[PDB]
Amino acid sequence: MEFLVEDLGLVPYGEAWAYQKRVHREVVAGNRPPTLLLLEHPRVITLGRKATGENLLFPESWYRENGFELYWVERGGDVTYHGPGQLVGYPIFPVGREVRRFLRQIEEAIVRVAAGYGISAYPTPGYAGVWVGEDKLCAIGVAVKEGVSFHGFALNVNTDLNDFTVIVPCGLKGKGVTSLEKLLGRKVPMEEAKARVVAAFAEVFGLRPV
């Protein structure tokens, strides 16, 4: 009937990852409610289950020399970027076997958040994540272990979208990437985007936020 929200603020990817795993273990054990972590990461490139070297334009060494951290991870999808201004959410929820349903619920929540800003977004029939026309507003890539999810979504609020140009997604996709800031012509407060996400998750999952 409830989910717990934790706002971690700005946290390094590696430490936040360790925290994900600790939270996950507690949810698996039935010792913590379904938990939504909200946060930002310092500039980082991550490479998921479908990622290869072709997803990086430059060598890995270039990224680290130019202010990115870089990690290989077990979430769905290929390469992505997280950085300041991007609202990263890790719903660590007891989803059981129904992963596709869970993805659709994350998508629905993000579509609702966009609608709150007057923005028409959609999952699309063919591309992972949530899109506004031909541009990706929110990336989504999860992992599920012992029936509990981790990783999650990355909503571009005030992201430096130029940072996506150095990575090269593979497979079926639209043309570009976008953010609330780009769509609206002004920065949107991160505190507000977090609040809107919590409300959307509450509505979609039918749970009370604590």
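Numbers follow the displayed sequence, beginning with 1.
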Can you tell me which stretch has the higher mean Cα B-factor, 91-99 or 129-137? 91-99
Taking the mean of the C-alpha B-factors per stretch from the entry, tell me the winner out of 151-159 and 174-182. 174-182
39, 36, 168, 45, ranked by C-alpha B-factor: the highest one: 168
Of the three thirds of the chain ranked by Cα temperature factor, residue 24 occupies the lowest
Sorting by Cα B-factor within the chain, modelled residues only, which third would residue 77 end up in: lowest, middle or highest? highest
Modelled-residue ranking by C-alpha temperature factor, third containing residue 200: middle
Rank-wise, by C-alpha B-factor, drop residue 11 into the lowest, middle or highest third of its chain. middle
Record-listed C-alpha B factor of residue 68: chain third: middle
